[PDB]
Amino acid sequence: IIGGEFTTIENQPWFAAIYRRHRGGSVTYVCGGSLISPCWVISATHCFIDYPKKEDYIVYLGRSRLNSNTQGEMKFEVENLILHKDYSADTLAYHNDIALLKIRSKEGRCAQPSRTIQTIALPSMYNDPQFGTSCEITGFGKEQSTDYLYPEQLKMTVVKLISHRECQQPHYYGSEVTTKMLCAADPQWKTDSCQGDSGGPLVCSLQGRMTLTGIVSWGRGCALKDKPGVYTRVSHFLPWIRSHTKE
């Protein structure tokens, strides 16, 4: 996250931290995600496509720090890793960048809400907030485009939804933005998601509910003028989601 503020998991209790275990026994951070029901975390397919084996992944909930333990955190294995069959990576952009992780503890329990863990609501099918609505993004992504290290404490910031019309201007993204994506950015281009925030939530109030509107997908630099963050449009994927969350 570029700019914004350090936060804790209590202020973003649906946030899931996903890590991968390597052959050496080393474990490194992969992507963010969001807890949409006790047994299900939603993220991006680009995170997993290079190594799509469920066994190699660990999901933490209730975690406020990247490489140290938070009190109240809970560790889960991945019972199913579900990538979208129509995922593709374009020269600039990703398409259908959405993934589901069914989580289970070694004990066999799904998530249990607490001070530090809660689900986030899904939007109604094809229902989004209007352009200019303020939304929240959260993650352990870089604080600067040029950084080599990731922040150890969770960060969040506010961005505003951008119209499809505006996002499609060629000085923005031109043809590469589709209606299955949402753009969002700071009106002065001062704060943004960045490398390592991918898979994480874009959360907007829609009606009276904190709602998962976007999943962090792609963008050129971070906080760079005329280049918004691009997000998977969650409202366009409910059938896909419900087909899997029924088991």
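Just count from 1 along the sequence shown to find any residue number.
Chemist: Highest mean C-alpha temperature factor of the two stretches 138 to 146 and 172 to 180, which is it?
Modeler: The entry gives the higher C-alpha B-factor average to 172 to 180.
Chemist: Do the C-alpha atoms of 49 to 57 or of 197 to 205 have the higher average B factor in the entry?
Modeler: The stretch with the larger average C-alpha B-factor is 49 to 57.
Chemist: Can you pull the Cα B-factors for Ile120, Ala89, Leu83, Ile117 from the entry and say which is highest?
Modeler: It is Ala89.
Chemist: Compare the CA B factors listed in the entry for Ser26, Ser43, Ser217, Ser64 and report the winner.
Modeler: Of the options given, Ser26 has the highest CA B-factor in the PDB entry.
Chemist: Hey, what third does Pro239 fall into on Cα B-factor, ranked over its chain?
Modeler: According to the entry, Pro239 has a C-alpha B-factor in the chain's highest third.
Chemist: Among all modelled residues of this chain, ranked by Cα B factor, put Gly72 in the bottom, middle or top third, i.e. lowest, middle or highest.
Modeler: According to the entry, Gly72 has a C-alpha B-factor in the chain's middle third.
Chemist: Of the three thirds of its chain by CA temperature factor, lowest, middle or highest, which one includes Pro38?
Modeler: Middle third, going by the recorded CA B-factors of the chain.
Chemist: Which third of the chain holds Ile162 when residues are ordered by C-alpha B factor: lowest, middle or highest?
Modeler: As the PDB entry reports it, the C-alpha B-factor of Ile162 lands in the highest third of its chain.
Chemist: Quick check for you: using the entry's CA B-factors within this chain, is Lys106 in the lowest, middle or highest third?
Modeler: Within its chain, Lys106 is a highest-third residue by C-alpha B-factor, going by the deposited values.
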